[PDB]
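> Using only what follows, build the 3D model:
(one chain, ligands or ions: 3)
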Amino acid sequence: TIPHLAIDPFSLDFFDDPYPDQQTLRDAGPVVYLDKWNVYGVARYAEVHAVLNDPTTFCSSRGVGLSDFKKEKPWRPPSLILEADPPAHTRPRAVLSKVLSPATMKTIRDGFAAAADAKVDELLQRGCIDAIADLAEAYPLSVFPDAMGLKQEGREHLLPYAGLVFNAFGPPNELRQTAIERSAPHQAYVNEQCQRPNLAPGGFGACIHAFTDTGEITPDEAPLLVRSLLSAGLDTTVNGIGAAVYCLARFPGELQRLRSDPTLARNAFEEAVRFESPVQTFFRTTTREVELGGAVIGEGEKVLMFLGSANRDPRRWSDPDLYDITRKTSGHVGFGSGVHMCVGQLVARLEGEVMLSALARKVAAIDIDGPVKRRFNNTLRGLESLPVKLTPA
Ligand code: HEM
Ligand SMILES: COc1ccc(C(=O)O)cc1OC
Ligand SMILES: [Cl-]
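Numbering: from 1, shown residues only. Ligands and ions are numbered 1, 2, ... in the order given. I have put the structure below:
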C-alpha cells in the first residue's frame, strides 16, 4: 500500500515554506502517492539517488516534467539531451561535455574571476544593493551571454525564457499556463540566437556548431544543442549564486569562516546548491514494472523526484538544515546524478567559486535590510529580491 498525501508541491504555500511538507513527503513512506496530481513521488535520498542512477528503468524520453510525451504533445520540440535516453542521448551529451570541459573552464576562468571582483568592488561603492538584481542576476548576465557568443540585443529575454522552460516541467497550474501563453517572443528570440551566423567566434555557441563540420552532429541538431545551453545555463546559476548569498546573509558565522579561508569558496557554493537546491524536482517514467522503496510500480508511470528533499534527508546528512561550508557535499543531488548529471556543472561552479572568492576577500558583513521577496516557479526555487547591506573588509 502506498500512502496518499494531499500535499501540492507545486502550490504557492508549499513554495513559500516547503520544509514541513518535504519532511512529511519523506516520513510518510519511501514512495508516496500525490492526490492533487495523481502521480507517485519519492522524497528520500536513497530512492531519489537510486532512480537517477537507473535510466533504463526510469527513462527521460517520456519527458522529465509531469507530462508524458508518449501520451501528450510536448509544449516545445523535446531537448536532444535532457529528454532523451541512452543510446540517443550519448552523442549530444558528448558534444556539450566537450564544449563545457575542464580545459574550456581554464581558458575562461581569469575573465570570469576579474568580472566577479569588479562586480563586488562596484557593489561596495553603493553599499545597499539588491543581492538578486545586482549580484545573483547581474553577475551571470555579465559573463555567460558573452561566453556563449550571444549578441547584445534581446538578452533581456534570457531569464524569462528559462523561467518558462522551468515552469513548463510542472503540472498544468496557473504558473505553467500563464508562462506558455506568454512564450512566443522569448522563443522567437532564442530560436534566432541558436543559428550559426548569430553566435560569435570562440564562444560556446560557435564551438557547438563546429561539431557539424566533422559530422559529429547535423546542421539541424546544432541549433537544438545551443537551445539547451540557453534554456539551462543562466537561471540555474542565478539561483545557485542567490542561494549562496542568502545562506551567507543568514549564517554570519559561516561567512566569517569563509573570510578566514577563502579556498572554501568552491565548497561554500556546493553546499549552497545542496542547501537550497535551486532545481527542486524532476520526473522520470517507468519503462517496466519495478519495485521501488518496497512498492511495486507498473510500467508507464511518472515518478516525481524531490531533489531538494533528498538533499535535506536526515537519513543521508548530519544536521541537514544547517549551512556548513566544510560539509562533505559529495553525493548531493542538486546537479542530478548519473548519465544526465548536470553537463554545465563546471560553469556553474566556476561562477559560484569566483563570486564567493570575491566576497571572501572583499566583504566583511552581509546584512539583510528590507523585505525579502520569493519568486515562485514550478521547478526553480529562489528569490526575486534580497536587499542587503554589504560592509567592506
Ligand atoms: C547551480 C546551477 C545549476 C544547477 C542547480 C543545475 C541542475 C541540473 C540538474 C538537476 C540536472 C539533471 C537533469 C535530469 O537528471 O533530468 C541538470 C542537467 C543539465 N544541466 Fe544543469 N544545473 C546548473 C547549471 C547549469 C549550467 C551553467 C548549464 C550550461 C551552461 C547547465 C546545463 C545542463 C544541461 C544541458 C543538462 C542536461 C544534461 C543531460 O541530460 O545529460 N546547467 N542540471
Ligand atoms: C537542468 O535544466 C535543464 C537542463 C537541460 C535543458 C535542455 O533544454 O536541454 C533544460 C533545462 O531546464 C530549463
Ligand atoms: Cl523553445
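> Counting neighbours, show which residues of the helix or strand harbouring residue 27 come out buried.
Assigned by DSSP states H and E, residue 27 belongs to helix 19-28. By 16 or more other C-beta atoms under 10 Å, the buried positions in helix 19-28 come out as 21-22, 25-26, 28. No exception for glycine: its C-beta is placed from N, CA and C like everyone else's.
> With stretch 47-55 instead?
So for stretch 47-55, counting by 16+ other C-beta under 10 Å, buried means 47-52, 54-55.
> And for stretch 3-17?
Neighbour-count burial for stretch 3-17 flags 5, 7-11, 14-15 (criterion: 16+ other C-beta under 10 Å).
> Residues touching that stretch, excluding its own?
Residues from elsewhere that reach stretch 3-17 (C-beta atoms under 8 Å, 6 or more residues apart in numbering): 18, 21-22, 24-25, 28-29, 32-37, 41, 170-171, 173, 175, 280-281, 304, 306, 374, 376-378, 381.
> export it as PDB, just CAs?
In PDB, the C-alpha atoms belonging to stretch 3-17 read as follows (Å, rounded to 0.1, in the frame of the first residue of the first chain):
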ATOM      1  CA  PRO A   3       0.500   6.300   1.400                       C
ATOM      2  CA  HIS A   4      -1.700   9.100  -0.200                       C
ATOM      3  CA  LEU A   5      -0.900  12.600   0.600                       C
ATOM      4  CA  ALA A   6      -2.800  15.800  -0.200                       C
ATOM      5  CA  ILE A   7       0.400  17.900  -0.300                       C
ATOM      6  CA  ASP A   8       0.700  20.100  -3.500                       C
ATOM      7  CA  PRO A   9       4.400  20.500  -4.100                       C
ATOM      8  CA  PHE A  10       3.600  23.000  -6.900                       C
ATOM      9  CA  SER A  11       1.400  25.300  -4.700                       C
ATOM     10  CA  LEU A  12       2.400  28.800  -3.700                       C
ATOM     11  CA  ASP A  13       2.100  27.900   0.000                       C
ATOM     12  CA  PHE A  14       4.400  25.000  -0.500                       C
ATOM     13  CA  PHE A  15       7.000  27.100  -2.300                       C
ATOM     14  CA  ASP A  16       6.800  29.700   0.400                       C
ATOM     15  CA  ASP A  17       7.500  27.200   3.100                       C
END
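> List the residues that contact the residue in the stretch 201-350 of the chain positioned nearest to ligand 3.
Here the stretch 201-350 of the chain gets closest to ligand 3 at one residue, residue 227, 6.2 Å apart by C-beta to the ion. Contacts of residue 227 were listed using C-beta under 8 Å, 6+ apart, and they are 79, 190-191, 194.
> Return only those of those found close to ligand 2.
residue 79 (C-beta under 6 Å from any ligand atom).
> Ligand 2: which of the contacts of residue 227 is nearest?
residue 79 (3.2 Å; C-beta to the nearest ligand atom).
> and that closest one, helix, strand or coil?
Assigned by DSSP: H, G, I helix; E, B strand; the rest coil, the conformation of residue 79 is coil.
> who are the neighbours in contact with it?
Here residue 79 is in contact with 224, 227-228, 231 (C-beta under 8 Å, 6+ apart).
> give me the residue from this protein nearest ligand 1.
Here the chain gets closest to ligand 1 at one residue, residue 344, 2.0 Å apart by C-beta to the nearest ligand atom.
> re earlier: list the contacts of whichever helix or strand comes after the helix holding residue 27.
Of the helices and strands lying after helix 19-28 in sequence (DSSP H and E), the nearest is strand 32-34. Contacts with strand 32-34, where a contact means C-beta under 8 Å, 6+ apart, come from 2-5, 7-9, 25, 39-43, 304.
> If we use 6 Å, what do you get?
With C-beta atoms under 6 Å, 6 or more residues apart in numbering as the test, strand 32-34 has contacts from 2-5, 25, 40-41.
> Kindly report the same for stretch 156-173.
10, 37, 65-66, 75, 175-176, 179, 183, 186, 189-190, 231, 234-235, 377-380.
> which parts of that stretch are buried?
So, applying 16+ other C-beta under 10 Å, buried residues of stretch 156-173: 157-171, 173.
> Look up how far residue 100 lies from residue 203.
Using C-beta to C-beta, to the nearest Å, we find residue 203 at a distance of 12 Å from residue 100.
> higher neighbour count, the two?
residue 100 (22 against 17; other C-beta atoms under 10 Å).
> and the more buried one, what is it in contact with?
344, 346-347.
> Please apply the same query to residue 117.
Residue 117 neighbours (C-beta under 6 Å, 6+ apart): residue 358.
> can you tell me which helix or strand it belongs to?
Residue-wise, residue 117 maps onto helix 102-126 under DSSP H and E.
> Next one: that helix, is it in contact with ligand 1?
No. Using C-beta under 6 Å from any ligand atom, helix 102-126 stays clear of ligand 1, with a minimum separation of 10.6 Å.
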